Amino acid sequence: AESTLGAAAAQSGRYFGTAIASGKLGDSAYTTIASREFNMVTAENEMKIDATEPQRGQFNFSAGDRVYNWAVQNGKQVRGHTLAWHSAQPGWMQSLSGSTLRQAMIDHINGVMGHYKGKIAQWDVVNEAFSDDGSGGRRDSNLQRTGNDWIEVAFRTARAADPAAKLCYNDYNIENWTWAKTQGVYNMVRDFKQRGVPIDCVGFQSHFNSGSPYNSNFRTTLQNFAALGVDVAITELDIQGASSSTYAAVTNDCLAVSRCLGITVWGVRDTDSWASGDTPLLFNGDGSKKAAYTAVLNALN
């Protein structure tokens, strides 16, 4: 097996995943495809900071749990997304700084991971901490203003919180090997690995489009981060115009790297994409397969 994306990836030790939006689970066409094709689920919004801790010190896991439970009941594993981020913060957290803010970061990591303890295959512990200004440096958030070690502390906290889970750093525009952002992250992870900061994996969101095109040095990137001693994962894949060439290229990149755990596409049908107008996923609004679907399946087989 062979007939579906997740099974085919499973033949070679990997997964094929999707993002799930709880708001679409009452649509049987959505859940039929989702349930059938994928063996990994990420929650598109329901584990973001403002969804799990909207009030200081009180957690809310309902929408979270509805996605966690749907995935488990239909035989998939789960990726957690995401524990520490500059964006999607509640106002209470947005208002803090320095060590108060750092302490809220640690408490947030512990509350959320504690709730799903032992039930999450991978966690995006830190998401999108690097600038888009071409410098290669960190972003200038409230989190950075507590001190440069915030990322390190995030990972150490997360490790204590749930020893069972792989810990990922996750970002976008880090797929092109020659670009400054990529090299900034590569440099950071290498520093971490030299000093024993517990980072298990790196997540390449892999949003390909006109402002950040696919480039065949994606393979080089994956290989290079792998040699540092971490797993790599494609976490939010989508491709503007869904060319079959390019969907097969990305897939074979992952299949060439043995520390590449798997592929997640960011949505089930074109109509469920953050960029629906770009029709960048593997199923049409109909529910019918697109041409890229077959190319991904052949590469997997």
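All residue numbers are counted from 1 along the displayed sequence.
Using the B-factors recorded in the PDB entry, average over the C-alpha atoms of 136-144 and of 224-232, then report which stretch comes out higher.
-> Comparing 136-144 with 224-232, the higher average CA B-factor belongs to 136-144.
Averaged over C-alpha atoms, is the B-factor higher for 25-33 or for 234-242 in this PDB entry?
-> Averaged over C-alpha atoms, the B-factors run higher in 25-33.
Would you mind finding, among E128, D200, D124, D149, the residue with the largest C-alpha temperature factor in the entry?
-> The record points to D149.
Could you look up the Cα B-factor of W70 in the entry and say which third of the chain it sits in: lowest, middle or highest?
-> Highest third.
Sorting the chain's modelled residues by C-alpha B-factor, tell me whether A19 ends up in the lowest, middle or highest third.
-> For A19, whose C-alpha B-factor we compare with every modelled residue in the chain, the answer is the lowest third.
Consider only the C-alpha atoms of the modelled residues in this chain, order them by B-factor as the entry records it, and name the third containing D253: lowest, middle or highest.
-> Its C-alpha B-factor, which the entry lists for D253, ranks in the highest third among residues of this chain.
Lowest, middle or highest third: where is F192 by C-alpha B factor in its chain?
-> CA B-factor rank for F192: middle third.
Among all modelled residues of this chain, ranked by Cα B factor, put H108 in the bottom, middle or top third, i.e. lowest, middle or highest.
-> Within its chain, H108 is a lowest-third residue by C-alpha B-factor, going by the deposited values.
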